[PDB]
Amino acid sequence: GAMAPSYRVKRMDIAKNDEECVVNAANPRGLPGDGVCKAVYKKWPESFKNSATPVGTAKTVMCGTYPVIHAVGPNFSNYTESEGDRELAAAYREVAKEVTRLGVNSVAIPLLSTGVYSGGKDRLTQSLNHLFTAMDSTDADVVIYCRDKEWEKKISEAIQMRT
Ligand SMILES: Cc1cn[nH]c1-c1ccncc1
Ligand SMILES: [Cl-]
Ligand SMILES: [Cl-]
């Protein structure tokens with residue numbers, strides 16, 4: 001575990017993270033995809049061997065000894081708000097199981113279902129709160145990665161609010 005487990009936020013490419021493992025915002029079919037998933041494919045392509053997994057699940061594949069945790073959030077274009085919310089919560093619970101199993105002291109994590117799976121809605125708060133629900137009981141240092149300047153401020157404020 002980390003000596004004083006923390007949450008932090010950085011605005012940069014998650015493919016340049018400084019953590020012991022990464023969470024991919026994966027598609028269910030293990031395809032290169034776009035956004036976070038395409039950056040992860042360019043950086044760790046070996047991790048896409050048998051990475052296909054259903055919505056609401058996470059599957060880890062090693063690139064050398066570096067763990068890539070493929071987490072499949074729901075596409076809110078296809079799911080109801082209610083069913084999508086349940087699957088988004090579930091994907092983050094499976095990420096917490098994998099992080100714990102791997103014994104890492106730190107993890108780089110994007111906000112699941114906030115980009116092309118958002119169904120055109122702002123889901124910063126919904127996605128971040130499910131991340132916290134899952135990860136609060138883990139003792140890894142969590143570093144959240146984003147690309148928007150206004151999102152960085154709002155994520156930083158939400159972390160600071162809990163102190
Ligand atoms: C969060 C986000 C949205 N569009 N692209 C990204 C991104 C891309 C690569 N690495 C990390 C994040
Ligand atoms: Cl997304
Ligand atoms: Cl962002």
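Atoms considered below: every heavy atom in the structure, side chains included; atoms not considered: hydrogens, waters and symmetry mates. Order of listing sets the numbers, starting from 1, for every ligand and every atom in it. We're numbering straight along the sequence, starting at 1.
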Original post:
Just by modelled atom types, is the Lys16 backbone N or O under 3.5 Å from a matching donor or acceptor in the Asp13 side chain?
Top reply: no
Could you give the N/O to N/O pairs under 3.5 Å linking ligand 1 and the protein, each with its distance?
unit_1	atom_1	unit_2	atom_2	d
ligand 1	10 (N)	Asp13	OD1	2.8
ligand 1	10 (N)	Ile14	N	3.4

Subject >> Any donor-acceptor N/O pair, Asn17 side chain to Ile14 backbone, under 3.5 Å >> reply: yes
Under 3.5 Å donor-acceptor pairs involving side-chain atoms of residues 71-83, not counting sequence neighbours:
unit_1	atom_1	unit_2	atom_2	d
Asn75	OD1	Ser77	N	3.0
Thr80	OG1	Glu83	N	3.0
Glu81	OE1	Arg123	NH1	2.9
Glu81	OE2	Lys121	NZ	3.3
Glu81	OE2	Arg123	NH2	2.8
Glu83	OE2	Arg86	NE	3.3
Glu83	OE2	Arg86	NH2	2.6

**OP:** Can you sort out the partners of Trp44 under ring pair (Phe, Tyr, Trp, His ring centres under 6.0 Å), two or more places apart, ordered by chain and number?
**Re:** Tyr66
**OP:** In plain terms, say whether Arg101 and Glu98 are close enough for a salt bridge, that is, a side-chain N and a carboxylate O under 4.0 Å apart.
**Re:** yes
Subject >> Under the side-chain contact (heavy atoms from CB on, under 4.5 Å) test, residues paired with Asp136 that sit two or more places apart >> reply: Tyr7, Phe132, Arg162
